[PDB]
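Shown next, in structure tokens, is the structure this report addresses.
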Amino acid sequence: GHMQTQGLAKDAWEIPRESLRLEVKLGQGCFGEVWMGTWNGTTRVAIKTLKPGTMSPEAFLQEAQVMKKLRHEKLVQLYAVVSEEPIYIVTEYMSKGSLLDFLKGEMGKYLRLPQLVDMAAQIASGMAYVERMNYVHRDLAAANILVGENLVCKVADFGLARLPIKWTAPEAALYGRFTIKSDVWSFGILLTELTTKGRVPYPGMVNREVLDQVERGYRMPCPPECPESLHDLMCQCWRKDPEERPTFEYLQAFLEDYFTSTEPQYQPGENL
Ligand SMILES: CC(C)(C)n1[nH+]c(-c2ccc(Cl)cc2)c2c(N)ncnc21
């Protein structure tokens with residue numbers, strides 16, 4: 001009847017550190033760690049912390065800011081934050097960990113092309129949302145994709161997202177030209193991770209050899225049992241000119257319709 005209209009300028013994110021409870025350590029990087037815990041003892045959550053004197057507390061909070069502006073079912077959802085050191089970033093908890101570990105774990109060996117292409121579609125949808133919001137991820141890879149119940153996949157790690165050479169587009173790694181298109185290149189590399197059970201891209205090739213090679217026009221071959229049509233999509237993602245590469249909007253549609261429109265004769269196999 002009579003709605004509250006006053007006192008709404010309150011920060012819908014900030015919360016008291018006392019309401020948090022870090023339980024299990026799930027991750028650890030250069031600028032902090034990730035823990036699983038409870039938000040007010042009743043909500044299981046994920047908390048990304050920061051290692052003191054490893055990054056400006058102001059810079060760290062940037063990933064939090066981006067996450068305040070971006071909302072989508074295929075993006076990890078931010079729940080709350082603690083902007084005062086020790087700084088904490090609270091988000092929904094993804095039960096199956098990173099896509100990378102899922103792929104090379106025991107439950108990954110049973111995955112086949114239909115599930116794998118579907119996951120790519122989910123990721124593409126997430127990136128499509130980022131795409132239309134005029135943002136760039138800069139670090140799209142399997143290690144930065146989170147998996148949840150029912151194999152839902154969500155883009156995470158927007159630490160370096162604003163308005164690793166084996167995953168980075170040439171122009172981006174060489175001249176710092178990070179765009180949604182250098183992100184499309186990354187998705188292409190990600191597609192190889194999905195079709196090889198998480199194998200590292202460019203097998204047997206060191207970082208410096210990779211740059212030389214890709215500049216000389218080298219591109220990874222079609223993975224074993226991977227339909228040539230899918231490899232062709234990867235090659236479109238790795239086109240030299242960033243503007244030749246497809247949009248995530250295009251990729252999302254292509255993958256969602258894959259098995260009826262592109263690979264109608266698909267038949268199961270030993271690994272894909
Ligand atoms: C590294 C790993 C796989 C343990 N990890 N990292 C995050 C994560 C937490 C906060 C932000 Cl802001 C971004 C990602 C995460 C999560 N929510 N749920 C499960 N595992 C997670």
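Quick note on naming: the chains in the structure tokens go A, B, ... in the order shown, residues restart at 1 in each chain, and ligands are numbered from 1 in order of appearance.
Contacts with ligand 1 are defined as any residue atom within 6 Å of a ligand atom, using only C-alpha atoms and all ligand atoms; the residues meeting this criterion are residues 26, 27, 34, 46, 47, 48, 89, 91, 92, 93, 94, 95, 97, 98, 156 and 157 of chain A.
Close contacts of residue 116 of chain A, defined as residues with an atom at most 9 Å away when counting only C-alpha atoms, with chain neighbours fewer than 6 positions off set aside, comprise residues 191, 194, 195 and 272 of chain A.
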Would you mind listing what lies within 10 Å of residue 255 of chain A as a PDB file with N, CA, C and O atoms, in the first residue's frame, with only C-alpha atoms counted and same-chain residues fewer than 6 positions away left out?
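Output file result-v8.pdb follows:
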```pdb
ATOM      1  N   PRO A 114      27.889 -32.734 -27.599  1.00  0.00           N
ATOM      2  CA  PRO A 114      26.663 -31.977 -27.335  1.00  0.00           C
ATOM      3  C   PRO A 114      26.720 -31.120 -26.078  1.00  0.00           C
ATOM      4  O   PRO A 114      26.256 -29.974 -26.079  1.00  0.00           O
ATOM      5  N   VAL A 117      29.508 -28.274 -26.684  1.00  0.00           N
ATOM      6  CA  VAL A 117      29.060 -27.163 -27.531  1.00  0.00           C
ATOM      7  C   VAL A 117      28.041 -26.320 -26.763  1.00  0.00           C
ATOM      8  O   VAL A 117      28.019 -25.099 -26.882  1.00  0.00           O
ATOM      9  N   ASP A 118      27.208 -26.983 -25.966  1.00  0.00           N
ATOM     10  CA  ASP A 118      26.198 -26.289 -25.164  1.00  0.00           C
ATOM     11  C   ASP A 118      26.858 -25.346 -24.152  1.00  0.00           C
ATOM     12  O   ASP A 118      26.384 -24.234 -23.916  1.00  0.00           O
ATOM     13  N   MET A 119      27.947 -25.803 -23.548  1.00  0.00           N
ATOM     14  CA  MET A 119      28.667 -24.988 -22.583  1.00  0.00           C
ATOM     15  C   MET A 119      29.242 -23.773 -23.314  1.00  0.00           C
ATOM     16  O   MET A 119      29.218 -22.664 -22.788  1.00  0.00           O
ATOM     17  N   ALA A 120      29.756 -23.995 -24.523  1.00  0.00           N
ATOM     18  CA  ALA A 120      30.332 -22.912 -25.304  1.00  0.00           C
ATOM     19  C   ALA A 120      29.243 -21.890 -25.564  1.00  0.00           C
ATOM     20  O   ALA A 120      29.488 -20.686 -25.511  1.00  0.00           O
ATOM     21  N   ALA A 121      28.039 -22.384 -25.840  1.00  0.00           N
ATOM     22  CA  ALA A 121      26.903 -21.520 -26.097  1.00  0.00           C
ATOM     23  C   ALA A 121      26.606 -20.645 -24.873  1.00  0.00           C
ATOM     24  O   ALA A 121      26.371 -19.450 -24.999  1.00  0.00           O
ATOM     25  N   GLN A 122      26.624 -21.250 -23.691  1.00  0.00           N
ATOM     26  CA  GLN A 122      26.365 -20.523 -22.463  1.00  0.00           C
ATOM     27  C   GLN A 122      27.390 -19.416 -22.299  1.00  0.00           C
ATOM     28  O   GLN A 122      27.051 -18.259 -22.046  1.00  0.00           O
ATOM     29  N   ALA A 124      29.169 -18.076 -24.615  1.00  0.00           N
ATOM     30  CA  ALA A 124      28.983 -17.101 -25.683  1.00  0.00           C
ATOM     31  C   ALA A 124      27.875 -16.115 -25.326  1.00  0.00           C
ATOM     32  O   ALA A 124      27.969 -14.927 -25.639  1.00  0.00           O
ATOM     33  N   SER A 125      26.818 -16.634 -24.698  1.00  0.00           N
ATOM     34  CA  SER A 125      25.685 -15.823 -24.286  1.00  0.00           C
ATOM     35  C   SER A 125      26.156 -14.797 -23.271  1.00  0.00           C
ATOM     36  O   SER A 125      25.767 -13.638 -23.323  1.00  0.00           O
ATOM     37  N   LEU A 230      33.360 -27.049 -36.711  1.00  0.00           N
ATOM     38  CA  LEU A 230      33.645 -26.363 -35.459  1.00  0.00           C
ATOM     39  C   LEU A 230      35.031 -25.730 -35.511  1.00  0.00           C
ATOM     40  O   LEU A 230      35.252 -24.645 -34.963  1.00  0.00           O
ATOM     41  N   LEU A 233      34.941 -22.488 -37.262  1.00  0.00           N
ATOM     42  CA  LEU A 233      34.454 -21.395 -36.423  1.00  0.00           C
ATOM     43  C   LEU A 233      35.631 -20.851 -35.625  1.00  0.00           C
ATOM     44  O   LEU A 233      35.780 -19.641 -35.466  1.00  0.00           O
ATOM     45  N   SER A 261      21.449 -27.133 -37.605  1.00  0.00           N
ATOM     46  CA  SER A 261      21.823 -26.284 -38.735  1.00  0.00           C
ATOM     47  C   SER A 261      23.208 -26.462 -39.345  1.00  0.00           C
ATOM     48  O   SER A 261      23.389 -26.216 -40.531  1.00  0.00           O
ATOM     49  N   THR A 262      24.186 -26.877 -38.548  1.00  0.00           N
ATOM     50  CA  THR A 262      25.549 -27.015 -39.037  1.00  0.00           C
ATOM     51  C   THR A 262      26.101 -28.429 -39.115  1.00  0.00           C
ATOM     52  O   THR A 262      26.791 -28.778 -40.075  1.00  0.00           O
TER      53      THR A 262
END
```
For residue 13 of chain A, list every protein, DNA or RNA residue within 10 Å, evaluated using only C-alpha atoms, and leave out those in the same chain fewer than 4 positions away; present the list as a compact mmCIF listing (two decimals) with C-alpha atoms, in the first residue's frame.
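result-v8.txt written:
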```
# COMPACT_ATOMS: atom_id res chain seq x y z
CA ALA A 64 33.83 -5.14 -7.97
CA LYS A 68 27.99 -3.89 -9.99
CA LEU A 78 28.07 -10.35 -7.14
CA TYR A 79 26.27 -10.45 -3.80
CA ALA A 80 28.06 -8.01 -1.49
CA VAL A 81 31.39 -6.27 -0.86
CA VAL A 82 33.67 -5.04 1.93
CA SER A 83 35.56 -2.07 0.49
CA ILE A 89 34.13 -9.53 -2.66
CA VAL A 90 31.14 -11.81 -2.09
```
List as a VMD selection string the protein and nucleic acid residues near residue 58 of chain A, meaning an atom at most 12 Å away when only C-alpha atoms are counted, but skip any in the same chain fewer than 4 places from it. chain A and resid 50 53 to 54 62 to 65 83 to 85 87 159
Among segment 43-254 of chain A, which residues carry a DSSP assignment of alpha helix (DSSP H), reported as a PyMOL selection string? chain A and resi 57-69+99-104+113-132+170-175+180-195+207-215+228-237+248-254
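Atom CA of residue 145 of chain A is positioned 14.6 Å from atom CA of residue 108 of chain A.
Comparing the minimum interatomic distances between residue 136 of chain A and each of A:71, A:10, A:177, A:154, counting only C-alpha atoms, we find that A:177 sits nearest.
Within segment 6-51 of chain A, DSSP run on the backbone puts these residues in strand (DSSP E or B): residues 14, 20, 21, 22, 23, 24, 25, 26, 27, 28, 33, 34, 35, 36, 37, 38, 39, 44, 45, 46, 47, 48 and 49 of chain A.
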Please measure the separation of atom CA of residue 43 of chain A and atom CA of residue 88 of chain A, giving the value in Å to one decimal. 15.6 Å
re atom CA of residue 37 of chain A and atom CA of residue 19 of chain A: distance 10.7 Å
Mind dumping a table of every segment 116-235 of chain A residue within 8 Å of segment 240-251 of chain A, with the nearest atom pair and its distance in Å to one decimal, using only C-alpha atoms, sorted by chain and rising number, as CSV?
```
residue,atom,partner,partner_atom,distance
A:121,CA,A:251,CA,7.5
A:124,CA,A:248,CA,5.8
A:125,CA,A:248,CA,7.2
A:127,CA,A:248,CA,6.2
A:128,CA,A:248,CA,4.8
A:131,CA,A:248,CA,6.9
A:181,CA,A:242,CA,5.5
A:182,CA,A:242,CA,6.8
A:184,CA,A:248,CA,6.9
A:185,CA,A:245,CA,7.7
```
Write out as an NGL selection string which residues come within 9 Å of residue 172 of chain A when counting only C-alpha atoms, dropping same-chain ones fewer than 6 positions away. :A and (138 or 178-179 or 182)
Output the selection as a compact mmCIF listing (two decimals), in the first residue's frame - N, CA, C and O atoms for each residue.
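Here's the written file again-v1.txt:
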```
# COMPACT_ATOMS: atom_id res chain seq x y z
N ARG A 138 39.17 -9.30 -21.49
CA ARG A 138 40.63 -9.32 -21.50
C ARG A 138 41.28 -10.61 -20.98
O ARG A 138 42.47 -10.82 -21.17
N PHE A 178 43.19 -4.25 -26.77
CA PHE A 178 42.16 -5.12 -26.21
C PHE A 178 40.78 -4.62 -26.57
O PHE A 178 40.42 -3.49 -26.24
N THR A 179 40.00 -5.45 -27.26
CA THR A 179 38.64 -5.10 -27.63
C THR A 179 37.76 -6.34 -27.50
O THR A 179 38.24 -7.43 -27.17
N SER A 182 39.27 -8.96 -29.47
CA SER A 182 40.40 -9.72 -28.97
C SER A 182 39.81 -10.73 -27.98
O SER A 182 40.44 -11.74 -27.65
```
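The residue that comes closest to residue 126 of chain A, out of A:205, A:59, A:153, A:237 and on the basis of only C-alpha atoms, is A:153.
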If we count only C-alpha atoms and set the cut-off at 12 Å, which residues sit around residue 268 of chain A, ignoring sequence neighbours fewer than 3 positions away in its own chain? Please answer as a count of residues only. 14
